[PDB]
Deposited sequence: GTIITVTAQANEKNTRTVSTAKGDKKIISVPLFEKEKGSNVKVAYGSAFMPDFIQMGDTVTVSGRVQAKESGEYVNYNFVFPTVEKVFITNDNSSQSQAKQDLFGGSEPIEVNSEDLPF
């Protein structure tokens, strides 16, 4: 299988809060690779405890249709 793991700061540039059937959720959009050609971005739902300005690690399978993480693990990173 394939696992993509991204570490990024959740901020105004890459994170939005949306209404869902499960209430307010943050959704982050992160680059799936680098360049020296446009970079593809994957989206993942954040757990409720995550706050704007947190650094997080998003890890899991990604599905392409648009790129979405599937059953991601999201961890808060501390500095």
Which bits of the deposited sequence have no atoms placed for their C-alpha? 37-40, 70-75, 90-119
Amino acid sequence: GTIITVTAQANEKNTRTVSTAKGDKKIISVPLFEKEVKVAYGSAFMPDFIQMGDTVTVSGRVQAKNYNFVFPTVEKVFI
From here on, numbers count along this sequence of modelled residues.
Please rank the C-alpha B-factors of the chain's modelled residues and tell me whether residue 16 sits in the lowest, middle or highest third. middle
Please rank the C-alpha B-factors of the chain's modelled residues and tell me whether residue 56 sits in the lowest, middle or highest third. lowest
On the chain's distribution of Cα B-factors, residue 79 falls within the third called highest
Ranking the modelled residues of this chain by C-alpha B-factor as given in the entry, is residue 8 in the lowest, middle or highest third? middle
Residue 40 by Cα B-factor - lowest, middle or highest third of the modelled chain: lowest
